[PDB]
Amino acid sequence: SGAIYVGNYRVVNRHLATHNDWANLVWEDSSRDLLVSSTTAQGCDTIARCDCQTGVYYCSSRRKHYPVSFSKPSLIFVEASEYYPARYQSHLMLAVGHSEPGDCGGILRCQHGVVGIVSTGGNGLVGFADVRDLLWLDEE
Ligand SMILES: O=C(NCCc1cocn1)c1ccccc1
Ligand SMILES: [Zn+2]
């Protein structure tokens, strides 16, 4: 589990969104595994605006943050899970690292701010849904 809290937005994995998220919906995209809902309180996270390929992510199944090198956001075929059939997921970045299903939502960050959240994994890989292209998270 986990979310990004930037401005009056909450960014979560679409497959983990609650009824309150869907009832306060700003934007959602199944192909990216992302959903954004509105918040009453202002958040403290800031979004990175960059092309970094090195950063640190939080792994809840280890209670640890790990430094990683990750690929650029791409269209990747992801195997079936409890939440999606096997399909192409867009804007996805891969790294070598531990992940389990409940690690979704952990933040990946670089020197510039939040880069994305854990969305996929297995066999020593972790995949992150990028948010750096969503410029509108910084305003309104
Ligand atoms: O179940 C997982 N992800 C659920 C969401 C998903 C995105 O594409 C397909 N399902 C998962 C599995 C192992 C490690 C980390 C994450
Ligand atoms: Zn960066």
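FYI, residue positions are counted from 1 along the chain as it appears here.
Backbone N, Cα and C define each Cβ position, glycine as well.
Taken from Swiss-Prot, the feature active site, for protease 2A activity covers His15, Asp33, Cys104. Under the heading Zn(2+) 1 binding site, Swiss-Prot lists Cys50, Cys52, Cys110, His112.
Swiss-Prot feature annotations superimposed on the structure.
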residue	record	Cβ contacts under 8 Å, 6 or more apart
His15	active site, for protease 2A activity	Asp33, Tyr83, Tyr84, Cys104
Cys50	Zn(2+) 1 binding site	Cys110, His112, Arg132
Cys52	Zn(2+) 1 binding site	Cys110, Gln111, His112, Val115
Looking only at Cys104, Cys110, the recorded positions on record, which one has the least crowded Cβ, with the fewest other Cβ atoms within 10 Å?
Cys110
Of the recorded positions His15, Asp33, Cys50, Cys52, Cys110, which ones put their CB under 6 Å from ligand 1?
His15, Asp33
What active-site residues among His15, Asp33, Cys104 have a C-beta sitting less than 6 Å from any atom of ligand 2?
none
With the cut-off set at 10 Å between Cβ atoms, which of these recorded positions ends up with the most neighbours? Options: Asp33, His112.
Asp33
DSSP three-state assignment for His15 (active site, for protease 2A activity):
helix
With an 8 Å cut-off on Cβ distance to the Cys50, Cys52, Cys110, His112 Cβ center, who else from the chain surrounds the Zn(2+) 1 site?
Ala48, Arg49, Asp51, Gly55, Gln111, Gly113, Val115, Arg132
